[PDB]
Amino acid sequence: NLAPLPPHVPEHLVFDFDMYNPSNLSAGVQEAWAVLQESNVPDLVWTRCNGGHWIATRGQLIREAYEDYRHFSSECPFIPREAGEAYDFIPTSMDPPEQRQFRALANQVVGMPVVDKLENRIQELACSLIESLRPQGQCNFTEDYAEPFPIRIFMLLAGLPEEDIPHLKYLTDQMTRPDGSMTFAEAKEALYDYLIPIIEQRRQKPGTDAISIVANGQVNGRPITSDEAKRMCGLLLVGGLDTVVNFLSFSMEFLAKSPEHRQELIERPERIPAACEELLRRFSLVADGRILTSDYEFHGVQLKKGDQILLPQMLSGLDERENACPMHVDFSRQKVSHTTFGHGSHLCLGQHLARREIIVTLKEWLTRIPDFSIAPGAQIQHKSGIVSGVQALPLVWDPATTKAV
């Protein structure tokens, strides 16, 4: 379903990429998107899919656009437009200077000092989860670890009941990898129906949880509104539930297929951090965008006010001009260049948490289960969207090769 080309789009700049169902999805999601970086593709293309929008294909353009909030506004960050339109998450749907006050608050909740405080639980849960899987010689990494691990830590931070997971997770999935079962606004409202009562509760009777801190915070010397707390918490929920969850699956799928990379980490643990950066570059998984505030000429292409542009954070680090042999995983790269956590004023506040969760997982999994593989005859399926995912990850191992701690 292609939309008619607007008058201003040169036909030579058309490249019909469907961010929700790219073409060689079979090969892998990162590989499917990387088609955009072939020699045949211009730097800046127009797709008629998902209602028509621009796509910046190169790290340099992605970064510039990200830096430039004057022209490229976060007002409508999602494609298709209805979704970008229905989303009013804070601080994501705002531009500086306004953004800064809200960010400062969100940072209170997810920041460095919080991860530091939470470190023992992260370690505790990882170890417990892994130890529990170990003797089985088989899981569903996606349902068995990648989900519960980050999720339960989030629930703990937010002080929300684990009983809510399935319901929340569904709503979250609808948002980043829409299915057709809902609509963007409908999904948004259901999450909002959830959040409202809880927030109200925490304004009256505060806790020490993230929601209590957000519901009761100060922004530009005055107290946040209920609507504003609702809107921040909505973001926090999606970040906590959807991201880390998908990332670990790509990383695990990779490790399951590359014995040599496993070994490297086993013998030279001093590389973990470096490896974690490399995997964040290679298995980058987020793609959102911006809205043009005005007619603007960008790298010779004429952009019209109100045009949306996809600035795929995923793409930067896959760009050959940025990383030699981009598709190759090399833990000893001199410089791992990516924008996996964004760029500009919208830089991921949750990056510290996410890094801690990854590093713990690698160290702890490899410690106990050094030797594993993908289950024979399993067909791993990736899914594309605002956040990309793995459908299921069936792993197998010989319990006799594991190590209890």
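Counting begins at 1, following the sequence as shown.
Between 272-280 and 292-300, it is 292-300 that carries the larger average Cα temperature factor according to the deposited entry. Per-stretch averaging of Cα B factors for 368-376 and 336-344 places 368-376 on top. Among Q263, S316, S249, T183, the highest C-alpha B-factor recorded in the PDB entry belongs to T183. Considering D173, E143, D307, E124 together, the PDB entry gives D173 the largest C-alpha B factor. Among the modelled residues of its chain, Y194 has a C-alpha B-factor that falls in the highest third according to the deposited record. Ranked against the other modelled residues of its chain, the C-alpha B-factor of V9 as given in the entry falls in the middle third. Ranked within its chain, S388 lands in the lowest third, by CA B factor from the PDB record. Looking at the C-alpha B-factors along this chain, the one for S26 belongs to the highest third. Per the PDB record, residue ranking by Cα B-factor puts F89 in the middle third of the chain.
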